[PDB]
Each structure stands twice: as C-alpha cells, then as structure tokens.
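A.B. asks: Okay, handing you the structure first.
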Amino acid sequence: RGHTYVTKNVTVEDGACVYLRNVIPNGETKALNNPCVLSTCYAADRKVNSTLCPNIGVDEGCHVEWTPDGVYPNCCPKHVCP
Amino acid sequence: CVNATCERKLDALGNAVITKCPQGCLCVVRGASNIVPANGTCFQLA
Amino acid sequence: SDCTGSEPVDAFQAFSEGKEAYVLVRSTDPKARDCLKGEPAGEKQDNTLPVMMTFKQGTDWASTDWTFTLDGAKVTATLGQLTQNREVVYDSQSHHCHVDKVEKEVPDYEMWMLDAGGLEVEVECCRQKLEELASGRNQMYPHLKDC
Amino acid sequence: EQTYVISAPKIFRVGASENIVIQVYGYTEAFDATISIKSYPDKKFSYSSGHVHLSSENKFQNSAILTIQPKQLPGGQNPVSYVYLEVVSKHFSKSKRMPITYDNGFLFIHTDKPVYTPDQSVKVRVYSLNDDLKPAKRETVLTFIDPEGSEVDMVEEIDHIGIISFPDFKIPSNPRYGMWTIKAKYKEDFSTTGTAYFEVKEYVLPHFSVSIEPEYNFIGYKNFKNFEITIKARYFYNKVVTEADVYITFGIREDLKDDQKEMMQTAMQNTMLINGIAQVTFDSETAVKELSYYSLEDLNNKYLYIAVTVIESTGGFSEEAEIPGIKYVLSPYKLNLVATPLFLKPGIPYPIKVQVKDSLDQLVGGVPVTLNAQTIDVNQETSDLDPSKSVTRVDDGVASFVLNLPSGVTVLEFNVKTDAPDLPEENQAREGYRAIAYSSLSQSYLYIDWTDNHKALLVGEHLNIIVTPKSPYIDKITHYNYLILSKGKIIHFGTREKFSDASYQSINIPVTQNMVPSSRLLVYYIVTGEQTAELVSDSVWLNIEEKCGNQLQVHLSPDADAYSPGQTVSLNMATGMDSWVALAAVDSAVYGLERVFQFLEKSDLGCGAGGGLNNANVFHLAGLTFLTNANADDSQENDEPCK
Amino acid sequence: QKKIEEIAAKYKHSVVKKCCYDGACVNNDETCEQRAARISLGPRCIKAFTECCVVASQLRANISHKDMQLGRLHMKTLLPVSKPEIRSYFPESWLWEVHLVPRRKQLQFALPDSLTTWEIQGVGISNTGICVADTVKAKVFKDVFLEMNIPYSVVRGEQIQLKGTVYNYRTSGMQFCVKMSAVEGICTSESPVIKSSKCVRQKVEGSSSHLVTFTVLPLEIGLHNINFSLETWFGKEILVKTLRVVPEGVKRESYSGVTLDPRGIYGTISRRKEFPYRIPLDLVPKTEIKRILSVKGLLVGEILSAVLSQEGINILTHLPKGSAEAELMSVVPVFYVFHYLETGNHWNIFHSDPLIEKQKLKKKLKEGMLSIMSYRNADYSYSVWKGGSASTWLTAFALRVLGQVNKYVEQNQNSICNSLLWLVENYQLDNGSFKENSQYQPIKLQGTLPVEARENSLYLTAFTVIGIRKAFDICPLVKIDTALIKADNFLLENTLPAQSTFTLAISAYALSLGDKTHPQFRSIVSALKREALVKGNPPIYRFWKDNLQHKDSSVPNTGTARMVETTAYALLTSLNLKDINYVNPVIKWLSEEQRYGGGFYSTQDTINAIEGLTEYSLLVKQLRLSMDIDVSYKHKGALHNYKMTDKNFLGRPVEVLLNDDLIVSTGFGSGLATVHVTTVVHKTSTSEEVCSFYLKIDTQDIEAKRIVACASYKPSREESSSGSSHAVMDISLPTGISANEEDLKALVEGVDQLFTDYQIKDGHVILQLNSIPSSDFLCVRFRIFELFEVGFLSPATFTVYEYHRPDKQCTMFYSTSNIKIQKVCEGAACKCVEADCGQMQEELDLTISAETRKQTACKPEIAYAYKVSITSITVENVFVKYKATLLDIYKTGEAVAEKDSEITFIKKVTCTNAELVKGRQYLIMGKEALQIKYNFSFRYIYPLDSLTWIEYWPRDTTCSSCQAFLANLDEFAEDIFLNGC
Ligand SMILES: *[C@@H]1O[C@H](CO)[C@@H](O[C@H]2O[C@H](CO)[C@@H](O)[C@H](O)[C@H]2NC(C)=O)[C@H](O)[C@H]1NC(C)=O
C-alpha cells in the first residue's frame, strides 16, 4: 500500500529527531500532519523511516475527498465510494 | 542612384510595403509579388 | 509623282474592262442628273456594251439602260433614239477616274470615278485636268446631291 | 511589513482598455496612487494615466482602466515596442518595461461556399470585433490573393455595426484554379489580420457519379489485414449503372496538407462492377510490403490514399473518384490530461485526471487505465511507485488518480497507459509526462481546486473553490487574493480573510458572463518575516460551457422533414436582446464548417491548466505581469511565452 | 508491364515529367516521329518525348485490354501531380443578407427550385459577442418529377426525339402518363384530342427511373412553347420547355450603314437614304429575310448602347473566346465608354445618378482588368493561350490595354514595370526590333519569305512600341525609354520603302505616339497620306486598303478586317497630329463600317477603330443632337418614328417585318446620327463565295462514328507558304450528335498539341490553332455519339476562318448519315413528313373533272400558273434545284416571266411523291415566288410545297387513254387566260 522513503542526515537534537519542523523521539512512531505521513527516526545513523498514504486508484462509482486537517491517517486522500 | 537598394519590406504593422528610392528613381522588385522581403533595384525616371 | 497617265487613252481599258461601276462626280452641264451612276450591265459583244445607268430625280430612283460602242478613245452611247458621242480625253494612270467630253455645239466635260473608290492622288489629277479643260465654267456635283 | 501588488496583462494592447489592478497590504490609512503608462525609456510622454482611491472601505484594492490611444504612438520607422507601466504614491514607486502589440481585434472572413466554379460570385462578409469582443466599427480592407500569390483585388468598406458586407467578387470565366486566399485587415494602425481560403475548381460535367464508402474511416488493429471498400457508381440520381470495370489504385500518404503520395504497384487490383455495387477488400499488410514498413508500429498517423477509376462497358465512358486519406490508427483510444497542472506542490496530493478519447474525439468510458510513477528527488535517488489502476467514468471520460509524493520530490515522470479488455499490449494507448516541483525560496506553497471535475462549470452557478495553503508560518497568513482573467483582461479582484484557526478556506466565486468560455483564476497570499515578504501563487483554468450573452436561435416555419421547391416558408429568429443577425443559406453538398471559438481564443495569453515552476512563473503563465517589493523575476522573453 | 514500370521509375522526379507522359498517350493515327515535329519545348523535352513515346507504342502490340488500361493508370497517376476540377456544380447560395433583429423578426422567402438540402447559418453580432447559431436544415425535393432533355436548336424539317425520364423517389412504384401539349407548329405522331397526345398509364419501379420518349417534327421557325404534363394519381405537373427551331442552311449576316448628317458638317447634306431590300440568290425556301434596324445618336452611340446595358460583350459575339485577346476585347469597350464619358464629362447623358453609373462602370472595368491576370506567367509576361509559352505580341497588347486603363483604375505599378522590363530586356535585338518568343502567328503578311520576315519584324516592332508608349506612363524608367529610342529608330530607318499599307500605317502610328518632329516620320506620314482612297470629289469617304499601290490596284467593294485596321491606324496617326480638317471623311467611313452591336470585323480593327472614333468624338466640339428620324417602308406604312434628343438618344432596335424596301429620312435639325441595318439571310450553298481554304470532312465509322475533319491554307497572290495566321476551325454538329470531349482534350492538352484550344458550346465545336499548313492538310479526329435519334437529318456546316481576318474563310456542308435515297416514305407515320410538301398527281389520271382546274386557277391566293419542262436536276445536299424553261404562259398575278426563259424550281430532298424526271413535261401551279437580283436582272424561284399543284403531261399521243386528258388540259389552257374569272 503506502510506500516508504528514507532520508539521510536528518537533524537529530538531544536524542530527539526533528524533521521538517516535526520533533519526533527516537523509538516513537508518531502520526504527523505536515507532512501527512507516519514517521519514525533513528538518531544512531540519522535516518528516518517514513511511509506515505497509499496512492488511490479510483474505480467506478467512487471519488476522492481530502482535507489536510488532523494527522495520519485522517489527512490522507480517502477512497470515498458510495 | 547606382546604389540605393530599395526592397519590399513588411510595415511596422504587416502590410507589404515597397520602400522608396531617392527623389529621382523608381523601385522595381523582380520575382513574384508574394516573396517578402526581397531586394529590388532602382531605375531612373527622366 | 507625275500623273500624265494611260497614254494613249483606250475607252475600254479606261472603263476597267466593263467590270466595275462608275459614278459621276463633276460636270459642267447644268442639266447634270443627280447621283448618276453607270455600271456594266452585261458582257462585251462585238464592239458593244450594255450599261444600266441608275440615277435619281427628286425621290425617284430611275433606271435607264444604254448601249456603249467603243472605238479607241471614243464612245457612242445611245438609248432608243437619243445619241451622245463621248470621248475619254484623259484617263488616270490606274483607270480609277477618267474625264469624259460630250460633243455638241458647246463641249461639256464630265468626270467619272470608280464607285468603290479611287486612289486619292489620281482623283486629284483628274480634278486638276478637268478644271483646266473646263476653263472656269461652273460645275455641278452630281454625287453631292443626297445620294 | 507593508506589501503591494500590481497586476497588469502581460501584453499591453494598443487601443484596448488595459485594466490594471493595485492591491496593497499592511497600510491602514486611506491614500491615493496614480497608476500611469509612460513612454520608453525616459518616461517623457504619458500615453495615459488613471487615479485610484485606496481606503479601508475599498479593502485597499482598486482598478484603473488605462488605455493607450492608437494615435498617441509614433509611426514610420520606429513605433514603440515598449512602454513603462509606472505607479506613484507617497510610499512606493515602481516601474517595469512592458511590451505592447498592435494585434487588437479579430476578423473572420465568411465566404458563403468553400468551393467555387468559374463565373460564380464570391459572397464575402467580414466580422470585426475588438479585444473586448464588441462590434469594432473600423474601416477594413480585403485582398483576394490568387493561388500563385499575387493580390488581384483590394476593396475597403467602412463598418457601422461590426458586420462588414463587401461587394461580391466575380470569379473570372477563365480563372486561376487552386486555393485562393482572402486577407481582411484593418486600414489604420492595427496589425489585426484575418484569413480565409476558397478553392476555385473548374466544373466538369460527369458521365456518371462514382461514390466510395469505406468500412470505417480508420484502420485500427483489426482491419489492418482486411479492409472492405464499398464502391458504388450511379447515373443521375437513381439510374443504376448496369456493369462496369472498376480499377482501384492504392497508395500510402504522409499528410493531407501536401498532396504527396507514394503508390503501391503490387496491389493495383481491378474487379467487375455488377448492378451498381462492387466491393473489394484491401489487405494493408501484404500490400505495404513495398519497403515492407516492417510492422503495424510504422505507418502510424499515415493515410491510405485510395484511387478508383470506373470505366463502364456500354458507352465506353470513364469516371474517377478518390478518398483523400484514411488515417491509420495504432490504438482505438487516445489519452490526454484534463484539469491537471504539470507542476507539483511538494506536500500536496497530486491529482491526475486522465481522459480517454476514441479516434472520433468522443469520450469513451469503462476503459481501465494503469499509471506508473518514476520520481526524481533532490538527492537524485529515483524512487518508483506502485502501478495504480483507475477506470474511466462514463459521464465525462475522466479517470481520476491521486498520487501522493514524499516531501523531497522534484520531478515526477508519471506515465499513463490504457489497459483495454480486448487489445494486445502493442495496440494500447500510452502517454508519458513530467511534472516539476514548485520552486520556492522558502517552504511556502499553495494548492487550489474547485468542487468537481465531471460537470464543466456552467455559467450562472456559483464557484466554491477550496484554497489550501501548506507552509510554515501558516498561522501568520492574513489575507488571500484572487484575480480572474478572461481574454487577457483582469475582470475581477478582491480579498478573502483567512481564518487563523482553519488550515484551508472555501473561497466563494460568483461566475459571471464575462468569464465565458474560458477564464483563469490566480490566487496567492503573502508569507512575511525576516527582511522579506513572499508571494505564493497558484492558478487554475476554469472551462465554462460556451454560452452567448445574446443566444441566437433560428427556426423554419413550418417544420417538416421535407419541403417543396418554390414553397414560401418563414424563418423565425429569436434573440436575447437587440442584436444584428447575419444570415446565409448554402447547399449542404459543398461540405462533403465555421469554428470561431478556436480562433477567438488566441486572445487568452495563458498556457496550460495552471501551476508553475516558481511564483513569478505562475503569473507569467496566466498572462500577468506583477510589481511587488517582494520576489520579482522571470523577465519577458516575449517570443513564445507558451504553446 | 515491366516495360511500363521502367518508364514510371526513370522519370519520377525529372524536370520534363509531363513531356514523355503526354508522349505516352494513345494515338493510333500518327507516328512518334511525326508528333515530335509539333513540340516546342526544347531538345530535352523532345528527347524524353521521343523515347517515352516509342517505348510506349512498341508495347501496345499484342496486349489484352486489362494491361493497357492498367498501364494508362500507372501513367496517369505516377507521372502527373493532381488535377483541380469538381464533378458536381453547386447552386448559388441565397439569403445572403444582414438583418437587424429587434428581439424578434419573422421574415419570409421562397426556396429555390432546385433539389438540394439547404443549411441556414445565423451569426448574431451583438455588443456581448458573436453567436454562430445552430444551423437549421431545409431539404427540398419532389418525390416524383419528370425532366426532359430538349436539344438546344433544331434545324427545321428534322424529326426530333425528345428524350426524357420520369424520376421516382418513393420506394413503392406508381402509375403515370406523360402527355405533350401539341402546338400547331409542332407536328407529332398522334393528334390533339380537344390538345394532348394520348397517354398510356405506365409503371416505374420505386426508387428508380423510367425512360420516356417523344417524337416531334417542327415545321415552323421560332421558339415554340412545348409542355409536358405528368399525369399521376397524386397530381399533374406541367413542365414548360422551349424548343428553338432554326432554318436550314448556313447563316449569313450582311450589314449596311448610313450616316445621317442633315446639317452638312461632313461636307455633304444627307437627309434621305434608301436601304433597298435585296433578296440574295441562294436562299432557303419559306424563310423571311430578317433585318433588324438600329439608329444611334452620337458617334459613339453603338459602343455606349452596348456597354450601358447587360450585353456589354456584343463586340465579339461572332468570334470565339479562349485566347487572351478575348479577355481584352472584354475590357476595351467599357474602357473607351468610360474615357469618353469622363474626358468629356458627359455623365449627364443618364437621367440616373452620375454616381451609381460611374460606379457600375468602374466595377465592370475592374472585373475586366482581372480576367487577364489568368494569362500572366511567373516572370510577369502574358501568354496567348492559358498555359502556353510567353508571347511578345500579347505582352505588348496587354501592356497597351493595361496602360490605358491605369487612367481610371490604378494598376499595380510594379507589375507593369516588370512586364515592360521583361519585354525590353529579353526581346529586343541589336538593330532595335522585337522578336516573338512563342510561335503565335498573329497576322499573315504578304511577300517572299525574307520580305515576310522584314514585314513581320516591322509589324512586331511597331505594335510593341505602341504597347510600351501606352503603358510607359505607369513605369517611366530610362532603360525602356532607351529601348523605345532604339525601336523608333528601327522603324524610322526600315519602314520606307513600304511593302504593305498595313505595316506602314502601324509604323506611322507607333512613331506618332512619340516624337512627331523627326523628318523621317514626316516622310512616313506623307507616304501614308498618299495611299489613301476616296469616294467622291471633294471626298465624301476616305480609307486605306491593306495592299500597296505598285503591287495591287484593284479597289475592294467591301470592308475587310485589314482595311479597318489600316484606316484606324491612319486615323489615329492623323488625330495624334491634330489633322481635324483631314479626318472628317475617315470618321464617316469608319462609322459606316461599324456593325450593329458596336464592333467591327476582327479584334484588332475593333480596338483601333473604337480608339479612333473616341479620340475624335472628344477632339471635335459636340454639336447639339436634335433630329426626327422617320423610318418607313416605301410602299407601306410608317415603321417607327424616332425622336432623337439627349433625353432618348439610343433608340432600341426595330425588327423590319414587312418585305418591302426601306427608307430612312429626317427633317432639318442638328446632330450626327448613324443608321445601321443588319440583314440576316440563311443561304443554302457556299460555292458562290470566294473561300480561301481547302476543306474536306468525313464521318468515318469506328470499330474499336468518328468525324475526320481536315483543312489547308490556299495562299493568295504574292504570299508565302508558311500557312495561315491564328485560325478557328468551327465544326457545327448535326442535330442529336455530340462530340466526345476526351478526344478533343487529348488533342489540346498534350505537349504534342495540335489545336491550342477547344470548346463545345451549344452544339458547336470551335477548335483554334496557331496556323493551318499550306503544303499539306491538318486533320482533327474526334469520336461522336448519337445523343438521340433524329430522322431526315439536315447537313450542318464546317467553317474554318482566320481569326484576325474572318473573311479568309471556307464553309462546307456534311452529314453523318449516308442513309440511302428517299424515293418513298413507305406508308404510315408519314402524315408529319409530307405535312408541308407538294404532292404530284397520279400519272395520266382520267378521274379529273377539269373543273378543279377552272377554280384553282382563278383563286386570288395562287400567283403563277404555267407549264414548264424540266431540263436538269441538281442537288446541293439540302434541297434540289430544278432547272426548267417556260413553255406556255397561262396566268401571272405578279410580274411576268418571259416566254421560253429559264425558271428554276426548288424543293426539299426529303420529299417523295413529288419526283420530277429530266426532260418530261409537267403542268405546274403554286403560290408566290421570290425575285432575286442575279447581278444583271430579275430571276424567279418557285418552291414545291403544299398547295402547289403539279400534273404530269406527256407530249406523245400513243396513250390510248389520255386523249381526253390532254383534251381537257388544252381546253383549260386556252380558256384560262382570256377570261380570268
Ligand atoms: C403550357 O403551360 C402554361 C402554364 O404553365 C400555359 O400558359 C399560359 O396560358 C395560361 C392560360 O391558359 C396561363 O394560366 C399561364 O400563366 C400562361 N403561361 C405563360 C408562361 O404565359 C400554356 O398555355 C401551355 N402551353 C400551351 C401551348 O397551351
């Protein structure tokens, strides 16, 4: 579903990992809003495992609604199908 | 009037307008009437 | 160019061998018929020739036939009993105009020219020769009479 | 910080009312500013100027309708190609070198028939509209250009209502056959031009009528091996030819513009016409084996120029008929993008709305579409996303996608391909693309989109566009904006306050009549802070249903499927307001065709459906310049703004 | 096949690609070497032509037709490029009108009669934008409707079959019967009932057609109305058609003009002039001698009347189109009308506005200035035949015409510059003359072959100096002024001594156009004033003939197209020198040489004589026009009083109906009015004309009919053998015959072309040419096909004439039916055949009561009654003429015929029971006759038609039964004359 992307040389401070102005602890999987991901960092090698919302492929009779309010997974494009 | 080299030119607007030779000559632009630009020749009048 | 022409005169050759119509342009006879015109009306038989002379009188286009007999420079035209002896005294170099002289107690001079039209200089020489021969007598213009 | 934004159409138009907009922010006191167009480069002469009043009641926005009078410009050798737009105020003052063009207005030559025979009169009338799309009332000049290229006529006729009917042109009795050319043009100071074509072909009385009707107008994947051609031949309207010898010649063609053709002397087949109808089959594959073309993959976009010669038996007569071209189509579908900016906002769902078309440009549905995505990050570490599948809705032909990307993405090389139920892999339609990221010196971006995609917004409705900012400093954004271009004129402006408790905001836009048939909506705000403010802009393209202000409607009374010759019938014309109506009635046989809205759209200086590389480029694509104490860049390069 | 693809491959991209293609065309009649003699496209094209031709001709032996047609396909598609032409003709779009709509406007109209599917397109232009409204269609059609194909004309006597077809559009068949409105003049198979032929109800299958035929036989002349009533179960449609009936024989048009000068400014007062009524010799029986009259006010009256109407083109109608000079005779009359009205300011001649008429004139003048743009090449030269090579003659002529019009319609100064430079840079030798690029022979000049070269170079130099001196005020460069100095020097040095008056007059003119003070030009104009002719003393008329004096002395009796060219050139040489004392007779001649309509004999004398007439009418003061011209027959009533004034000064024509002499007269007034009468007779034979061509024409039958018409020039005295000038081969087609246009195209289209143009208009076939050879013939072969069946076919003509000398002509009759003699018509279906002929009484009938002879003799309607004896029978393939001598005279109402004199009888060949045997005696009585002037006396011709009584009268007495017959004959003969009941 939701792919992942790993960044290198992330700003790690006081054991906490701040990335794109989002402070996340070392062994903490926190849901975020800006950007809308589910992230986890590691100050040992300064890398951040982060996953996106799954890309939506809209089939018949469906449509997509997305509002940036709230954190993952509510900030994800939802495959709303009546 | 051995060297004035009149020519068919576009206007500052887009109408094809043959430039004018000095006061005592006349411009004759050989070749087809649509080839623009094209360097013409100046002939006398008398 | 000079215009002493067609010497000697031959009343046949001076008539274009009877194939072309002639009109009367000048005459010292004050009885000159109006629009008088005599064309060959037949073939040349033994020294004779038919000539249907059409002329005008008032409004009538009369047509009186004649008979022309030729001997050198002289001619005798006769219709019924009336007789006239004409002699071609001068004839243009190309037979376009000739001046006729009718014989009587006072000789009158007539001048004929092709109907189809004659060369302009030869007609001028015919007129000069006539005016010389007429010697100041008053001339009519039979073709200037509403033809 | 105190900011100001001036927005003027990218190209000032000589003789047009070039509306300028001024929007200032931060200033709280009422004040006056005089926007002015000034000469180049010394600012010596004021071609025009305007006064605006900026107050709290006016929301510190106002528009100054400036106008470069046509006669106020030099002539001869050097008419100005640049003017200075200039603003004055007790606070600020800015100037920018703006281009000007004389191409103002439109001329549509309308010849009654597109094909004339010798000694017929060419009825030609010209419509003259200015850039405001109103009757121009200017003196026009035609110029009938013979096929060889030498003007054979020039006739001026003053306008009074916008419809300039000209004295008819008599085609000589021995004309010069070919494709003549008419060139309407304005007589004074305007470079506006209009052009129409009409062929003059010699009438040749035919022994009989030969008609060709192919199976389909396109040779797809199936009929590439067999192609049924129906060749009918008939005498004068329902006298069926008895028996004839039908000689057919086939040749591959490149383009319908140049009449070049390459024959195939391997399949010059002939048959026997029997009782009016003879049908043959053309095996395209074995026939093209001359140079062999090596596959169906070649010959794409080419035409099959069919030549038929019917020589009947009885009278020894001969007649010829042709098909100019039968386009080869490699795939029964065509893909294109609708309502998708080819520019990526890092951190925003990138919606891809692919649209499937047949070869007749009709929106087919139910066609599954697959889409893969190759991305290029700032570290150049290309990442591949999983293939997603969307099937086209049968309502509008749009198969929606949503392709979320990581933050570090710059160039998305996404590729859409049709996945039909019955087509092999080769016969599927595929289209690749390349979406670049919004380049911003800060981390500020904007993304706007309206309600839905499958209705083609209709005039009279209201537009609920949802503007969504995404940035740090988001809780300091004070005012939004919106400029609504149309035909190159800024017909709107305003400001909507941002609710500092919500992330996005629903902007309500009243759709008016000026916005028909296509308008752009530019929206932006001001990120401020340390030593600099920043404009962050994102534009969209609103396609509105082509509706008139004065909807014209003609009826024939009485209405029936057939009339009789000489019958007296009435034509009933009904409009919306008092409006002139030109008329014409031509034989429908000449058409085997007047499309103005495509020619009437060359006034929209924009390009593409929105987005842009950076801020200034989002403007310069929508056809706006801008003056701002904040970031300003992207000079003209007036040659080819966008295609 | 393989020897076709080698050609199609070798010459795909070559420069001369049309050459060998039109050398590969099929021509079963001439060798590839004989055709190569006609190429003028250089040694490359001749070589490609010869090679491609021999390799195409060698193949066509022992070949199946499929391969031949596939080869013609290969050729016609591979070698050429394309062809602009359409197979359908599209009606004129109507409703082209702009209508202000006050929010609603209903307008009504009438759909045109055609069967189309109209499309109405409203484009509303309002202050809110353009609105291409929805197109509302309108499909007009009739579901069942009859349509006929009536021939253009019909030579009277011939039995036409008016083919037709009833078209049905409904899928379900129906009943229908067609019936023709039998007009009394149109003899049909059936007879009227109350007036329609019987109609039998026939059935046509649905969604198809059905042939319909009708056999008529016209017997009267003039447009006859003919209806066709399609009587069906759903209506009765009456389709009016007009069947034009033309008299037999050829048409001959002979004019006669008179200038009425009641005040005498022409040096001769002329108030009364008599137009005699001369019945020509060979005339078609039962035919009137039509003779229109036309009296026009001004000197330029005829030109004005032609232009100021919808005719505007009557200056050429006897000559064919196609060359560029035709599209210049289209704009010479309008230009000269314009130049007269303008440089005189006679605009008030109209009661209308002087602005609308000026605008219409300028419109016609411009629409004319463009018809020649089609004949201009890439290098701004003009070419005579569209597509032919560039010609020095016609470039100079087009320059003259365009440099004259530049006064009122500003011409493109750069195009005239380019044309003048093309002339004076390529086509001017070192001596000064001009040479012709093409091989167009515009005129045939006399003399030996070197002297003809001299004369032709002189004519071309002078003609081009005229063209340049007229178009030189547009583009007054110095290059061409030096060219004109050189050419005028050539003329001055090489005109005298002359070799023909024509080139002397054109040289005097072209030299007067420039510097009129060169002592040599005085000598030229003097030696031209000397060649003059005159009629009268002081001259009433003055003209010049086409030949010198020292070469020919005979003065012509009629006007020839070189006489008017030379007269107009000398008149213009005089007017250029302001000799108004000297041109008053020349103008009189030229104004009588005019022809009703405006023009003159050819296209050159027309332009020059119109220029003379106009440059004169503008140069001498206008005299007030006020006359009361009273035209009236001699022994009849007044025809039509003409009240001449500037109010009405263009009195329309008046068909002179009655067959008496005509007399025009006027009262004392002021003006100068010219009275033209136009005699239009229909001659039966053409041996009585001097014809200058050898003609033979056949209708050969083809196996896999075909007219084979040839011609040849007969060079007159002191001429060369180079053939004719531009000639015009006019091949009239018999009724119901139609030429196969593809053969004519194959003759004209190729680069081996024989005929430089063609056109099939109204049943004629008018081919043109650059020359017809004097050494040997020149044969045109084109297939013909019977378009419908016609019986009793009357021969149609085949005329060839020169184009700039329409008197150098020859006519020949020919029929496409060798159908055998017409001894009898064999019974039924004949009541129309003999409807209007004479019927001989049965040989030696005794049932005659001898009282019918009494009553028929004393009828006032019967004119002549006497017995003759046929001496010889002679046929002119249209009628037969019976030479007979008058034996015994019995009655004569009109003028009498002398005893034992020769009288000629005439009857139609297609008349059966009226045969006459040579030498046998017959008694003849019939209607009136004709008096013909046989150049020395009267002669009488008598037609043998209906109501002409004829009986056989044997001379012997060994009949044993006709003793009482001859008894009644002789007693009636002795009693007819002394009483006259
Ligand atoms: C052929 O048909 C026409 C009508 O189409 C007949 O018409 C003429 O006389 C009629 C009176 O009987 C009128 O009603 C028509 O208007 C008139 N038509 C014209 C053109 O003048 C005509 O008589 C018929 N032909 C014959 C010989 O009778």
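Numbers in chain C come straight from Swiss-Prot, and the residues shown are 22-168, in order.
Technique stated in the header: electron microscopy, 3.5 Å.
Backbone N, Cα and C define each Cβ position, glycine as well.
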A.B. asks: State the disulphide partner of C:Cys56 as given in Swiss-Prot, choosing from C:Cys147, C:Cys168.
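C.D. replies: Of the candidates C:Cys147, C:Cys168, the one Swiss-Prot pairs with C:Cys56 is C:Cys168.
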A.B. asks: When you check Swiss-Prot, which of C:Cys24, C:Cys147 turns out to share a disulphide bond with C:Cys118?
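C.D. replies: Checking Swiss-Prot: disulfide partner of C:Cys118 resolves to C:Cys147.
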A.B. asks: Counting only residues 6+ apart in the same chain, whose Cβ is under 8 Å from the Cβ of C:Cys118 (disulfide bond)?
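C.D. replies: Spatial neighbours, sequence-distant, of C:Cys118 (disulfide bond): C:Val46, C:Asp112, C:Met132, C:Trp133, C:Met134, C:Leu135, C:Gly139, C:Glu143, C:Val144, C:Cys147.
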A.B. asks: For each of C:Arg54, C:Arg107, C:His119, count the other CB atoms within 10 A of its CB; which of these binding-site residues has the top count?
C.D. replies: C:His119
A.B. asks: Are there any residues at least 6 positions away along the chain from C:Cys146 (disulfide bond) with a Cβ closer than 8 Å to its Cβ? List them or say none.
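C.D. replies: For C:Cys146 (disulfide bond), the qualifying residues are C:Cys24, C:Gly26, C:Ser113.
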A.B. asks: Under a criterion of Cβ-Cβ distance under 8 Å and sequence separation of at least 6, what residues of the same chain contact C:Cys56 (disulfide bond)?
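C.D. replies: Once residues fewer than 6 apart are set aside, C:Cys56 (disulfide bond) is near C:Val44, C:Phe76, C:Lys77, C:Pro163, C:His164, C:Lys166, C:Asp167, C:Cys168.
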A.B. asks: Tell me which residues of the chain lie with their Cβ under 8 angstroms from that of C:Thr85 ((9Z)-hexadecenoate binding site), as long as they are six or more apart in sequence?
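C.D. replies: Residues satisfying the criterion: C:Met74, C:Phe76, C:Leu100.
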A.B. asks: Please determine which of the disulfide-bonded residues listed here (C:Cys24, C:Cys147, C:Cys168) has the lowest count of neighbouring CB atoms within 10 Å.
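C.D. replies: Among the disulfide-bonded residues C:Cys24, C:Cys147, C:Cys168, the sparsest Cβ neighbourhood within 10 Å belongs to C:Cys24.
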A.B. asks: Need one number for the leukotriene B4-binding residues C:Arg54, C:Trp87, C:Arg107, C:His119, C:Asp121: the maximum pairwise CA distance in Å, whole number please.
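C.D. replies: The widest Cα-Cα gap among those binding residues is 19 Å.
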A.B. asks: Which is it, of C:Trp87, C:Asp121: the one of these binding-site residues whose Cβ has the most other Cβ atoms within 10 Å?
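C.D. replies: Max Cβ neighbours within 10 Å, all protein chains included: C:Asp121.
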